[PDB]
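One line per chain: the protein sequences are B and A, in this order. So the first sequence is residues 3 to 149, 151 to 462, counted in PDB author numbering. So the second sequence is residues 3 to 148, 151 to 329, 333 to 462, counted in PDB author numbering. Where a beta carbon is used, it is the ideal one built from N, C-alpha and C, also for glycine. What follows is a set of notes on a single structure, which appears directly below.
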Amino acid sequence: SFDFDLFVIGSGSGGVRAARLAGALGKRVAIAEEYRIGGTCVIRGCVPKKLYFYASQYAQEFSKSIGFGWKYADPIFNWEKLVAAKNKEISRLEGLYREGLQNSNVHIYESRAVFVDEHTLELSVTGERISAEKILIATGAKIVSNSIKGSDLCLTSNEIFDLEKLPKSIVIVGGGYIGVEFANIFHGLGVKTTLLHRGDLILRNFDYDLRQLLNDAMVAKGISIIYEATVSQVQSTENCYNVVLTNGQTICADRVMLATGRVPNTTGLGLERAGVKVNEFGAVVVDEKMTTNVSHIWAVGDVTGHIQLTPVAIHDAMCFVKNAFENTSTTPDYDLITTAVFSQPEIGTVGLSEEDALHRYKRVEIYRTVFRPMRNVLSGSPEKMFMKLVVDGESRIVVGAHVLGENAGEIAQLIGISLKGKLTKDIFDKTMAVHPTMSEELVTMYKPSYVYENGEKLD
Amino acid sequence: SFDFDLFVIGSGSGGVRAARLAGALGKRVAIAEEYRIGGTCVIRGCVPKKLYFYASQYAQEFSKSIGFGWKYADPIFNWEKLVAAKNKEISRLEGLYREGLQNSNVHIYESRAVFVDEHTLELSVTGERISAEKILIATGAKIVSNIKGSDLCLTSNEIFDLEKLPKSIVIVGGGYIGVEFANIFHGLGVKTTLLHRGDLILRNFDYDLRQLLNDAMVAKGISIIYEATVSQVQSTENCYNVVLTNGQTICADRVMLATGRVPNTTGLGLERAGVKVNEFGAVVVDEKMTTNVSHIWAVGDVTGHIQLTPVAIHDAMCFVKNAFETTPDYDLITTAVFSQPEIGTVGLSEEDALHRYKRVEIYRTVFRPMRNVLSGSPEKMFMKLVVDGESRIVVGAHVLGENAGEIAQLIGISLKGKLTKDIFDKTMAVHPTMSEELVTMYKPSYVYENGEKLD
Ligand SMILES: Cc1cc2nc3c(=O)[nH]c(=O)nc-3n(C[C@H](O)[C@H](O)[C@H](O)COP(=O)(O)OP(=O)(O)OC[C@H]3O[C@@H](n4cnc5c(N)ncnc54)[C@H](O)[C@@H]3O)c2cc1C
Ligand SMILES: Cc1cc2nc3c(=O)[nH]c(=O)nc-3n(C[C@H](O)[C@H](O)[C@H](O)COP(=O)(O)OP(=O)(O)OC[C@H]3O[C@@H](n4cnc5c(N)ncnc54)[C@H](O)[C@@H]3O)c2cc1C
Ligand SMILES: [Cl-]
Ligand SMILES: [Cl-]
Ligand SMILES: [Cl-]
Ligand SMILES: [Cl-]
């Protein structure tokens with residue numbers, strides 16, 4: 003006999019969903035959380051990121067009000083107030099997650115848990131051993147080491164929200180979604196911002212138009228983007244951290260943030276005591292039912308090595324609860340996942356980039372538009388809206404959709420439903436426009452911008 | 003034989019599209035416009051309404067910023083600057099529509115056109131007569147005749165051009181134009197009262213949209229008076245005294261009538277054309293947009309159907325195919344209302360669905376966007392999917408809150424594709440968004456079986 007029917011390791015997006023649901027089914031469940039209930043997205047990820055994103059937008063929004071007849075005093079921002087508001091909000095959410103677990107009778111152990119053997123965990127804080135019939139690994143991901152001389156002088160996303168003061172200048176190392184989001188946040192709050200990227204253009208693996216349009220808007224508004232940049236060392240000086248690149252260039256900034264990737268959090272977990280297989284990328288290997296190679300051990304979320312997104316971790320958890328406790332294999336579905344980047348301008352994307360599409364399909368029709376939204380007409384703002392549909396010319400199915408500009412994430416989520424449905428471009432065109440909107444442009448692009456046949460654009 | 007292959011009467015959304023298309027096909031086309039090229043939407047309709055909506059919205063942006071750490075910025079609005087900005091933009095758009103016509107080699111007549119006989123129009127400005135093989139009536143709609153002292157009130161035709169922002173305003177009518185202007189003026193700081201003849205604003209919309217908008221408007225300090233019929237409007241020394249049939253009076257600096265628009269045939273001389281008009285003033289057309297006179301067609305608001313620019317455009321496209329080269336599709340039209348909060352709606356209301364289907368599953372959510380939790384705003388987001396329990400097809404979708412019109416447009420594509428609720432559910436959420444609520448409502452809020460709600 004085991005102390006619990008199920009022991010969940012980590013109370014983040016996936017773990018907290020799985021544990022609450024199992025407990026509601028009447029199972030005896032425990033969850034270990036070494037930090038804060040709710041996990042990465044709630045405490046120090048998507049939720050506070052989005053709040054800071056909103057905070058940083060207001061200055062540019064006020065400047066748009068002038069064209070409509072408004073005047074106002076030069077705007078002043080107070081970082082300490084934002085930090086206090088963020089902390090109130092994440093504490094509220096944390097409490098609500100905790101309550102949800104407890105309403106389902108889940109016992110919360112406020113400690114790291116590690117495996118002792120296949121059915122036994124040890125709580126780091128006290129040394130207590132707890133046994134369980136089933137164990138769910140939901141430990142998320144962790145920032146890569148960065149071993151850069153002076154790496155330990157730099158901030159990560161774990162520290163970035165809680166600065167004592169807004170910096171005068173900041174260097175962001177990394178041009179993936181985290182780095183571009185925070186570059187635009189700090190720049191919007193009046194910080195002199197430099198972004199370093201190891202390759203030739205930000206947001207590798209996104210459609211090229213999204214990468215290029217974002218890059219160009221960031222540079223135009225005053226963010227410095229340095230490419231082919233590898234940091235050699237970060238050195239402390241009295242007035243700033245000196246970031247020294249391998250090519251000799253130096254950048255001195257008040258703070259330096261590393262945003263260089265997160266990997267599955269499986270080191271020091273005792274997986275080798277349980278016999279759980281971990282691959283060369285540090286991922287816990289799971290099958291189509293979220294099962295490890297040990298039949299009573301499952302894993303969900305970032306730790307399993309797939310795309311690191313909160314909705315996907317929740318999806319995994321739902322699949323796990325159905326499989327472990329029912330005769331009904333939900334299998335996870337990672338096709339046609341819509342993603343957003345809360346850069347400024349914002350990005351939304353689902354399905355295939357233009358380039359991936361043109362190699363995949365014999366005929367690809369591209370419907371592309373860049374336009375000035377009506378609101379920017381009056382305001383004199385340089386902000387455009389970009390929308391592109393990528394179409395398989397033989398089936399007429401819309402196989403990719405890419406959006407940059409205001410609420411691009413919202414827009415892409417919704418287009419993503421249509422793409423999940425494999426709706427054809429003809430159905431988009433048949434849909435009556437709602438006027439005046441931005442979204443109506445998507446249902447009135449009757450003629451293609453251009454077409455590829457066998458990878459080659461036609462003149 | 004005739005002066006033109008096609009003569010288009012009216013240069014609004016419908017007429018301008020028809021004329022440009024026909025001209026591009028190589029036809030000899032003329033168009034007559036008595037007022038301004040581009041018509042009601044461009045000049046005194048959707049476009050400037052949306053500009054004024056955006057102007058009003060900035061007020062809440064200033065107040066929401068405070069919770070995010072921005073100091074109060076003493077925002078002050080200046081109506082005269084808005085009006086000048088609007089005039090510049092509407093003039094810009096007008097010229098682009100003029101350029102479009104010229105590019106298609108459409109001969110433009112700046113005059114009212116009047117039928118003299120079934121193939122002949124007379125231009126009122128010059129007295130010139132012009133013959134045409136085919137004629138398209140695209141003359142739009144106009145305010146209803148309206151109430152003693154009604155000549156003291158403004159309509160949407162004058163509302164954009166007030167010399168100054170009023171201290172107070174009474175809006176007569178609780179359709180979409182009335183609720184849009186009530187929220188614009190309230191947002192700009194005007195003491196606003198909205199009068200409606202019935203019991204709840206926005207007749208023919210899903211009940212939740214009607215009720216939640218009503219509650220939000222009242223809650224923010226817009227007075228809404230129901231069962232209110234205006235007996236007369238009186239010019240007193242300091243304000244316009246609006247006297248109701250129930251005896252109640254409301255005195256306000258300005259009074260706007262938003263009481264409905266009817267098909268416009270004023271001065272058209274249709275009796276000479278042989279064209280039949282129905283009891284509501286509509287030029288009756290068949291499924292190919294043809295009047296009872298075989299060479300005279302009609303598109304847009306004048307035909308008596310739903311009054312929307314995109315439908316006028318759709319009518320135009322159908323007309324040119326049938327006339328020169333198809334029946335319009337009025338099913339699953341998405342509509343938006345630029346109230347505050349905004350509304351977006353497509354397909355069937357919950358009430359219309361529960362009578363049409365044996366089983367209707369309702370998926371309803373009301374929540375506070377996280378932006379508002381932090382800023383202290385009461386604004387909610389409301390989303391409702393109406394689903395046929397048998398086919399699982401999503402048959403209606405109703406949104407209220409920020410960017411509801413944008414949202415409804417995009418949901419509209421999926422509905423036009425007849426996507427099932429299971430497809431919505433299989434669509435991965437994007438986090439954090441408002442729109443992800445639409446793809447994670449796995450369990451129904453409630454269900455109707457045979458027209459009754461189940462326990
Ligand atoms: C800055 C940032 C921004 C992001 N923005 C977005 C976004 O906008 N949208 C999006 O979809 N995703 C976003 N993500 C990703 C999102 O946070 C993750 O994909 C999601 O949190 C993964 O859920 P999870 O359950 O796998 O792991 P987590 O939520 O990371 O939870 C793992 C939990 O386990 C705890 N833990 C780990 N090991 C142990 C142990 N041995 N014992 C006890 N507890 C343990 C941790 O403290 C943590 O609470 C962002 C991430 C970051 C870092
Ligand atoms: C305040 C307001 C807000 C609106 N908001 C929206 C909205 O947000 N979204 C939406 O889709 N719709 C909206 N509409 C509706 C939209 O304006 C109409 O549905 C659309 O303009 C109709 O196009 P139409 O071609 O039928 O006629 P119109 O655009 O009205 O064009 C008719 C033209 O004919 C001219 N004319 C009339 N008679 C003659 C004649 N005998 N000779 C020469 N010229 C003539 C008129 O001057 C006018 O230019 C709004 C309308 C109003 C009043
Ligand atoms: Cl949850
Ligand atoms: Cl690409
Ligand atoms: Cl047009
Ligand atoms: Cl209803």
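Within chain B, the residues placing a beta-carbon under 7 Å from that of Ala57(A) are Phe70, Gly71, ordered along the chain. The CB of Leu461(A) never comes closer than 8 Å to any CB in chain B; the least such distance is about 22 Å. Counting along the chain, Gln236(B) sits inside the beta strand (DSSP E) bounded by residues 234 to 240. If you ignore the 5 residues before and after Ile181(A), its C-beta comes within less than 7 Å of the C-beta of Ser160, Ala262, all in its own chain and listed in chain order. With a cutoff of 6 Å, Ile139(B) does not count as near ligand 2, since its C-beta is closer than that to no heavy atom of the ligand. In the structure shown, the three-state DSSP call for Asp290(B) is coil. Listed along the chain, the chain A residues whose CB falls inside 8 Å of the CB of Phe209(B) amount to none; the nearest CB is some 14 Å away. Classified as buried, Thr42(B) has 16 or more neighbouring CB atoms from the shown chains inside 10 Å of its CB.
Legend: CB atoms of the stretch 409 to 426 of chain A lying less than 7 Å from CB atoms of chain B belong to residues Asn410, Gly412, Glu413, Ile414, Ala415, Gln416, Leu417, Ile418, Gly419, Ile420, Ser421, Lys423, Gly424, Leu426.
In the three-state reduction of the DSSP assignment, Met390(A) falls in the strand class, which pools E and B.
Taking a C-beta cut-off of 8 Å against chain B, the contacting residues of the stretch 360 to 389 of chain A are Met377, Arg378, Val380, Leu381, listed in chain order. Distances from the CB of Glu358(B) to the heavy atoms of ligand 4 include at least one below 6 Å. For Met377(A), the three-state secondary structure derived from DSSP is helix. Annotation note: the stretch 318 to 362 of chain B contains the following uninterrupted beta strand (DSSP E) runs of length 3 or greater, listed N- to C-terminal: 342 to 344, 350 to 354. Put simply, the CB of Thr334(B) is far from chain A, with every gap to its CB atoms at 7 Å or more. Legend: CB atoms of the stretch 439 to 450 of chain B lying less than 8 Å from CB atoms of chain A belong to residues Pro439, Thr440, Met441, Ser442, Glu443, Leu445, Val446.
Non-local beta-carbon contacts of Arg19(A) in its own chain, meaning distances under 6 Å to residues more than five positions away in sequence, involve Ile317, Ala320 in chain order.
For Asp7(A), the uninterrupted beta strand (DSSP E) segment begins and ends at 6 to 11. For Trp81(A), the chain B residues whose C-beta falls within less than 7 Å of its own C-beta are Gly71, listed in chain order. Under the Cβ criterion of 7 Å, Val344(B) is not counted among the residues facing chain A. Membership of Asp212(A) in any beta strand (DSSP E) is not indicated; the residue belongs instead to the alpha helix (DSSP H) covering 211 to 223. If you check the CB distance, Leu407(B) and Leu206(B) do not come in under 7 Å.
Taken atom to atom, the span from the alpha-carbon of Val222(B) to that of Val183(B) is near 12 Å. Pairing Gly202(B) with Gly179(A), the inter-Cα distance amounts to about 56 Å. A buried status is given to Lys29(A), since no fewer than 16 other beta-carbon atoms sit within 10 Å of its beta-carbon. Assignment of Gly403(B) by DSSP, reduced to helix, strand and coil, places it in the strand class. Neighbours of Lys433(B) in chain A, taken as residues at a C-beta separation under 8 Å, are given in chain order as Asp336, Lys423. Identification of chain A residues near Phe64(B) by a Cβ-Cβ cut-off of 9 Å yields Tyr60, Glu63, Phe64, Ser67, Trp72, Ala75, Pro77, ordered along the chain.
Burial is judged here by how many other beta carbons sit within 10 angstroms of a residue's own beta carbon; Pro314(A) has at least 16 and is buried. Residue contact with chain B for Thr269(A): absent (no Cβ-Cβ distance below 7 Å to any residue of chain B).
Beta-carbon to beta-carbon, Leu98(B) and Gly17(B) are separated by about 15 Å, too far to satisfy the 8 Å threshold. Judged by DSSP secondary structure, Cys255(B) falls within the beta strand (DSSP E) whose first and last residues are 253 to 256.
Contact between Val401(A) and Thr341(B) does not hold, since the beta-carbon distance rounds to 18 Å and is not under 8 Å.
Chain B has a Cβ within less than 7 Å of the Cβ of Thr341(A). In this structure, the beta-carbon distance from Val174(A) to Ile254(A) falls below 7 Å.
Listed in chain order, the positions of the stretch 299 to 320 of chain B with a beta carbon within less than 9 Å of a beta carbon of chain A are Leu312, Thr313, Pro314, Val315, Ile317, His318.
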